[PDB]
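So this block is start.cif, mmCIF, N, CA and C atoms:
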```cif
data_structure
loop_
_atom_site.label_atom_id
_atom_site.label_comp_id
_atom_site.auth_asym_id
_atom_site.auth_seq_id
_atom_site.Cartn_x
_atom_site.Cartn_y
_atom_site.Cartn_z
N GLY A 1 -0.94 39.83 88.26
CA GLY A 1 -0.92 38.48 88.87
C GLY A 1 0.31 38.26 89.74
N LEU A 2 0.31 37.20 90.55
CA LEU A 2 1.43 36.81 91.42
C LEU A 2 2.59 36.16 90.62
N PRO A 3 3.85 36.24 91.09
CA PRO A 3 4.98 35.57 90.44
C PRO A 3 4.85 34.04 90.43
N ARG A 4 5.47 33.38 89.44
CA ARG A 4 5.39 31.91 89.26
C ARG A 4 5.94 31.12 90.46
N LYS A 5 6.95 31.65 91.16
CA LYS A 5 7.49 31.08 92.41
C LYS A 5 6.47 31.10 93.55
N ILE A 6 5.71 32.19 93.68
CA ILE A 6 4.64 32.35 94.69
C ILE A 6 3.44 31.47 94.33
N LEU A 7 3.02 31.45 93.06
CA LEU A 7 1.97 30.54 92.57
C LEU A 7 2.34 29.07 92.83
N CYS A 8 3.61 28.71 92.68
CA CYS A 8 4.09 27.35 92.93
C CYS A 8 4.07 26.95 94.41
N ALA A 9 4.25 27.89 95.35
CA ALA A 9 4.17 27.62 96.79
C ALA A 9 2.77 27.11 97.16
N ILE A 10 1.77 27.72 96.54
CA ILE A 10 0.35 27.46 96.72
C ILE A 10 -0.04 26.18 95.97
N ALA A 11 0.43 26.04 94.73
CA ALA A 11 0.18 24.89 93.87
C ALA A 11 0.61 23.57 94.53
N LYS A 12 1.84 23.50 95.04
CA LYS A 12 2.38 22.31 95.71
C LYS A 12 1.79 22.07 97.11
N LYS A 13 1.34 23.13 97.81
CA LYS A 13 0.62 23.03 99.10
C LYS A 13 -0.81 22.48 98.95
N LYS A 14 -1.54 22.92 97.92
CA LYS A 14 -2.89 22.41 97.56
C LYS A 14 -2.85 21.09 96.77
N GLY A 15 -1.71 20.76 96.16
CA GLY A 15 -1.53 19.60 95.28
C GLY A 15 -2.04 19.81 93.84
N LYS A 16 -2.17 21.06 93.38
CA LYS A 16 -2.66 21.42 92.04
C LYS A 16 -1.66 22.34 91.31
N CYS A 17 -0.77 21.72 90.53
CA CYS A 17 0.25 22.36 89.69
C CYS A 17 0.20 21.74 88.28
N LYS A 18 0.05 22.57 87.23
CA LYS A 18 -0.16 22.14 85.82
C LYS A 18 0.61 23.04 84.85
N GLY A 19 0.62 22.74 83.55
CA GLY A 19 1.34 23.55 82.57
C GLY A 19 0.79 24.96 82.50
N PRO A 20 1.66 25.98 82.36
CA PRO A 20 3.13 25.94 82.31
C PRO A 20 3.81 25.88 83.69
N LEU A 21 3.11 26.16 84.79
CA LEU A 21 3.65 26.19 86.16
C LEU A 21 4.42 24.92 86.56
N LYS A 22 3.93 23.74 86.16
CA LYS A 22 4.54 22.43 86.42
C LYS A 22 5.91 22.30 85.76
N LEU A 23 6.04 22.79 84.53
CA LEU A 23 7.30 22.85 83.78
C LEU A 23 8.25 23.92 84.35
N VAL A 24 7.71 25.10 84.68
CA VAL A 24 8.46 26.25 85.23
C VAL A 24 9.08 25.93 86.60
N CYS A 25 8.31 25.32 87.50
CA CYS A 25 8.71 25.06 88.88
C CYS A 25 9.22 23.62 89.14
N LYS A 26 9.04 22.71 88.17
CA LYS A 26 9.29 21.25 88.28
C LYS A 26 8.50 20.63 89.44
N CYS A 27 7.18 20.70 89.30
CA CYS A 27 6.21 20.09 90.21
C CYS A 27 6.13 18.56 90.00
#
```

Would you mind writing the file out in structure tokens?
Amino acid sequence: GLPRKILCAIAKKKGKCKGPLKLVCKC
């Protein structure tokens, strides 16, 4: 899988960030 920093770039661009990514990246 992709790194949590790279997943977060996509998550905040699409507007879909959730646990654990939301806690990890502070979305």

Write out as a PyMOL selection string which residues come within 7 Å of stretch 21-23 of chain A when counting all atoms listed in the file, dropping same-chain ones fewer than 3 positions away.
chain A and resi 4+8+17-18+26-27

Between atom N of residue A:25 and atom C of residue A:7, distance in Å (one decimal):
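Spanning atom N of residue A:25 to atom C of residue A:7 is a straight-line distance of 8.8 Å.
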
Rounded to one decimal in Å, what is the spacing between atom N of residue A:11 and atom CA of residue A:24?
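These atoms are spaced 12.4 Å apart.
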
For a test of reading the model, state the distance in Å between atom C of residue A:20 and atom C of residue A:5, rounded to one decimal.
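Atom C of residue A:20 sits 11.5 Å away from atom C of residue A:5.
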
According to DSSP computed on the backbone, where in chain A is there alpha helix (DSSP H)? Give the residues as number ranges by chain.
A: 4-14, 21-25
